[PDB]
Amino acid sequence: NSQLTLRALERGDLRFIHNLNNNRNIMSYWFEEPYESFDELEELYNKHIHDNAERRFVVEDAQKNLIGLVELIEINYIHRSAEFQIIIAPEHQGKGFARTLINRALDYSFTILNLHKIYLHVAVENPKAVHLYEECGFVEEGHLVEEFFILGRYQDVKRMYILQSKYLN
């Protein structure tokens, strides 16, 4: 866990991004633009390579195995808020890397970007993920009703948040 590194996303990592999506079974977006193919993703990456509304980091281990992805989107530098997401490769989901990657993401958000609030969305139907984020310091601030359409159904999601003051202390 202590040997996990965060590295800014490169064009060579887009293949890794693509494979992570085929498992999800939900529409994927790149700077709020939809995509399904690897070629769409690459075109969009070229387009938004300098846009600073979203930042992405590839999580690797010592042996450079691709462990997961840390995502910040909807970054607003006046209100100093950003939406946060984690995606661990299926083969690494049980090993307990999640809490380390969450802390790495919060560290970058609150120590370098100088953000004030980090929030996220967790499906209410996945209560173990909600508990995980609650142990990591997040608190529920909303229960969005039928917010997203996932596998043929409208689903609720917990919107949870953590402030910079609480993480730094």
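Position 1 is the first residue in the sequence shown; the rest follow in order.
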Stretch with higher mean Cα temperature factor, 25-33 vs 113-121, is 25-33
Residue stretch of maximal mean CA temperature factor, 138-146 vs 45-53: 45-53
Check where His18 lands among this chain's C-alpha B-factors and tell me if it's the lowest, middle or highest third. highest
Based on the deposited C-alpha B factors for this chain, I'd like to know if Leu9 is in the lowest, middle or highest third. middle
CA B-factor ranking of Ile67, expressed as a third of its chain: highest
